[PDB]
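Undergrad: Below is a structure I'd like to ask you about.
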Amino acid sequence: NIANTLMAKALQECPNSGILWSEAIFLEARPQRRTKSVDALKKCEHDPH
RNA sequence: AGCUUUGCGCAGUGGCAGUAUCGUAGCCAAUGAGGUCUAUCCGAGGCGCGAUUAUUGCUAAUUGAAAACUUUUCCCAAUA
């Protein structure tokens, strides 16, 4: 959970981070990995990661 | 100090639509209305009833009128 809080702080302070977003996909549980974790992410950026 | 964004009225000009606009002391609703897409996603009014030339006024023609018609004791047949 603390990892999730730190990831939320990191994304808020540093958006458009390809590696951070890619890793935040796999912090989130499987039900929420697609509908919210990767859609708005692809909206944010298109990094190779 | 100019410019500029949003909301709100007040006007002015112009365009489009008339199978639609409006009403709610009726009910329900961000404590979730409503869900065919894509649903660990979408997020706002809906439902019922009522009004109507499918918003409502005036303006001006026309028609219907209205004003009138003798708006007053006739006929077939009987007798003197």
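Chain labels run A, B, ... following the order of the structure tokens; each chain numbers its residues from 1, and ligands are numbered from 1 in the order shown.
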Neighbours of residue A:43 within 12 Å (only C-alpha atoms (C1' of nucleotides); same-chain residues fewer than 6 positions away dropped), as a count of residues only?
TA: 6
Undergrad: Under the rule of at most 12 Å, produce a per-residue listing of chain B near chain A: chain, number, name, the closest pair of atoms, and the distance in Å, as a Markdown table, using only C-alpha atoms (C1' of nucleotides).
TA:
```
| residue | atom | partner | partner_atom | distance |
| --- | --- | --- | --- | --- |
| B:38 | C1' | A:35 | CA | 9.5 |
| B:39 | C1' | A:35 | CA | 9.1 |
| B:40 | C1' | A:31 | CA | 5.4 |
| B:41 | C1' | A:35 | CA | 6.7 |
| B:42 | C1' | A:35 | CA | 11.9 |
```
Undergrad: Can you check which residues of chain A DSSP gives as alpha helix (DSSP H) on the backbone and send them as a ChimeraX atom specification?
TA: /A:2-13,18-27,32-35,39-44
Undergrad: Atom CA of residue A:19 to atom CA of residue A:47: how many Å, to one decimal?
TA: 7.9 Å
Undergrad: Quick one: distance from atom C1' of residue B:48 to atom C1' of residue B:29 in Å, one decimal?
TA: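 Straight-line distance from atom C1' of residue B:48 to atom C1' of residue B:29 works out to 15.1 Å.
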Undergrad: List the neighbours of residue B:20 out to 12 Å using only C-alpha atoms (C1' of nucleotides); skip same-chain residues closer than 3 positions along the sequence, and give me the result as a PDB file with N, CA and C atoms (P, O5', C5', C4', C3', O3' and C1' of nucleotides), in the first residue's frame.
TA:
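Saved file selection15.pdb follows:
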```pdb
ATOM      1  P     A B  17     -34.804  24.906 -42.743  1.00  0.00           P
ATOM      2  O5'   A B  17     -35.454  24.277 -41.434  1.00  0.00           O
ATOM      3  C5'   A B  17     -34.933  23.088 -40.863  1.00  0.00           C
ATOM      4  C4'   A B  17     -35.458  22.865 -39.468  1.00  0.00           C
ATOM      5  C3'   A B  17     -36.966  22.733 -39.333  1.00  0.00           C
ATOM      6  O3'   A B  17     -37.421  21.426 -39.642  1.00  0.00           O
ATOM      7  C1'   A B  17     -36.117  24.171 -37.641  1.00  0.00           C
ATOM      8  P     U B  52     -55.878  22.224 -25.537  1.00  0.00           P
ATOM      9  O5'   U B  52     -54.916  22.608 -26.746  1.00  0.00           O
ATOM     10  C5'   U B  52     -54.630  23.965 -27.045  1.00  0.00           C
ATOM     11  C4'   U B  52     -53.512  24.085 -28.047  1.00  0.00           C
ATOM     12  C3'   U B  52     -53.633  23.224 -29.293  1.00  0.00           C
ATOM     13  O3'   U B  52     -54.507  23.777 -30.260  1.00  0.00           O
ATOM     14  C1'   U B  52     -51.431  23.081 -28.435  1.00  0.00           C
ATOM     15  P     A B  54     -51.619  21.333 -33.961  1.00  0.00           P
ATOM     16  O5'   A B  54     -50.485  21.640 -32.888  1.00  0.00           O
ATOM     17  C5'   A B  54     -49.358  22.432 -33.241  1.00  0.00           C
ATOM     18  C4'   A B  54     -48.109  21.999 -32.519  1.00  0.00           C
ATOM     19  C3'   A B  54     -46.810  22.334 -33.245  1.00  0.00           C
ATOM     20  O3'   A B  54     -45.785  22.581 -32.287  1.00  0.00           O
ATOM     21  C1'   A B  54     -46.976  19.999 -32.981  1.00  0.00           C
ATOM     22  P     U B  55     -45.187  24.058 -32.111  1.00  0.00           P
ATOM     23  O5'   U B  55     -45.239  24.305 -30.540  1.00  0.00           O
ATOM     24  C5'   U B  55     -46.480  24.486 -29.877  1.00  0.00           C
ATOM     25  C4'   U B  55     -46.379  25.541 -28.806  1.00  0.00           C
ATOM     26  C3'   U B  55     -47.401  26.662 -28.887  1.00  0.00           C
ATOM     27  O3'   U B  55     -48.653  26.313 -28.323  1.00  0.00           O
ATOM     28  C1'   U B  55     -45.252  27.588 -28.597  1.00  0.00           C
TER      29        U B  55
END
```
Undergrad: Please report the interatomic distance between atom CA of residue A:48 and atom CA of residue A:22 in Å with one decimal.
TA: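 A separation of 9.6 Å between them.
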Undergrad: Can you list, as a list in words, every protein, DNA or RNA residue that comes within 12 Å of residue A:5 when you count only C-alpha atoms (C1' of nucleotides), leaving out same-chain residues fewer than 4 positions away?
TA: residues 1, 9, 10, 11, 12, 24, 27 and 28 of chain A
